[PDB]
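Notes for the one structure printed next.
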Amino acid sequence: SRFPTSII
Amino acid sequence: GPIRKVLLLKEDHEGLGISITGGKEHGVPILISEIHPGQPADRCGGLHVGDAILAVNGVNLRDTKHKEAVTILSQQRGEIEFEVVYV
């Protein structure tokens with residue numbers, strides 16, 4: 001991803 | 001698009017069922033990048049990839065950093081109201 005990704 | 005209010009029902013053993021990216025430190029909104037099949041966001045029917053999360057349960061997320069948003073979002077339980085917009 002362009003910026004950080006979090007799964008929530 | 002229009003700002004929408006969307007209700008999500010989550011059981012206590014579950015997460016929200018979304019991936020988010022973005023955040024104030026990157027100059028972009030908290031954005032839904034994934035809706036995981038069969039999890040609460042998918043089941044609620046009203047949240048989609050590309051939606052920006054403007055608020056959750058009345059907590060503004062428009063100016064939140066990525067990890068701030070993770071903490072706020074993961075704290076919510078049960079019947080959870082989202083304010084979202086697809087741009």
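How things are named: the first chain in the structure tokens is A, the next is B, and so on; residues count from 1 in each chain; ligands count from 1 in the order shown.
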
Can you pull out the residues contacting range 34-36 of chain B? Cut-off 8 Å, using only C-alpha atoms, and skip same-chain residues under 4 positions away; I want them as an MDAnalysis selection string. chainID B and resid 17:20 41:42 47:49

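The residues of chain B that DSSP assigns to helix (DSSP H, G or I) on this backbone come out as residues 24, 25, 26, 40, 41, 42, 43, 44, 66, 67, 68, 69, 70, 71, 72, 73, 74 and 75 of chain B.
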
Store the residues picked out above in a file with C-alpha atoms, as an mmCIF file, in the first residue's frame.
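Produced file result_12.cif, reproduced below:
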```
data_model
loop_
_atom_site.group_PDB
_atom_site.id
_atom_site.type_symbol
_atom_site.label_atom_id
_atom_site.label_comp_id
_atom_site.auth_asym_id
_atom_site.auth_seq_id
_atom_site.Cartn_x
_atom_site.Cartn_y
_atom_site.Cartn_z
ATOM 1 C CA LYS B 24 -3.377 12.739 9.069
ATOM 2 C CA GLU B 25 0.394 12.252 9.095
ATOM 3 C CA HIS B 26 0.115 11.229 5.427
ATOM 4 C CA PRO B 40 -19.096 -7.528 10.346
ATOM 5 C CA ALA B 41 -18.461 -4.710 7.853
ATOM 6 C CA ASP B 42 -19.383 -6.970 4.937
ATOM 7 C CA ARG B 43 -22.480 -8.208 6.775
ATOM 8 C CA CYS B 44 -23.739 -4.700 7.594
ATOM 9 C CA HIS B 66 -3.281 6.246 11.503
ATOM 10 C CA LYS B 67 -2.568 4.572 14.862
ATOM 11 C CA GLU B 68 -4.916 6.938 16.705
ATOM 12 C CA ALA B 69 -7.686 5.738 14.369
ATOM 13 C CA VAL B 70 -6.808 2.091 14.949
ATOM 14 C CA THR B 71 -7.122 2.560 18.720
ATOM 15 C CA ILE B 72 -10.397 4.446 18.462
ATOM 16 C CA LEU B 73 -11.938 2.034 15.951
ATOM 17 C CA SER B 74 -10.893 -1.148 17.765
ATOM 18 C CA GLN B 75 -12.375 0.162 21.052
#
```

Contacts of residue 3 in chain A at 7 Å or less, counting only C-alpha atoms, minus same-chain residues fewer than 2 places along, as a PyMOL selection string? (chain A and resi 1+5) or (chain B and resi 21-22)

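You can rank B:37, B:50, B:15, B:45 by their closest distance to residue 77 in chain B using only C-alpha atoms, and at the top of that list sits B:15.
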
Any chance you could tabulate, as a Markdown table, the residues of range 54-75 of chain B at most 12 Å from range 1-9 of chain B with each one's nearest atom pair and distance in Å to one decimal, using only C-alpha atoms, in chain and rising number order?
```
| residue | atom | partner | partner_atom | distance |
| --- | --- | --- | --- | --- |
| B:54 | CA | B:3 | CA | 8.7 |
| B:55 | CA | B:5 | CA | 9.3 |
| B:56 | CA | B:5 | CA | 9.5 |
| B:57 | CA | B:7 | CA | 9.7 |
| B:58 | CA | B:5 | CA | 10.6 |
```
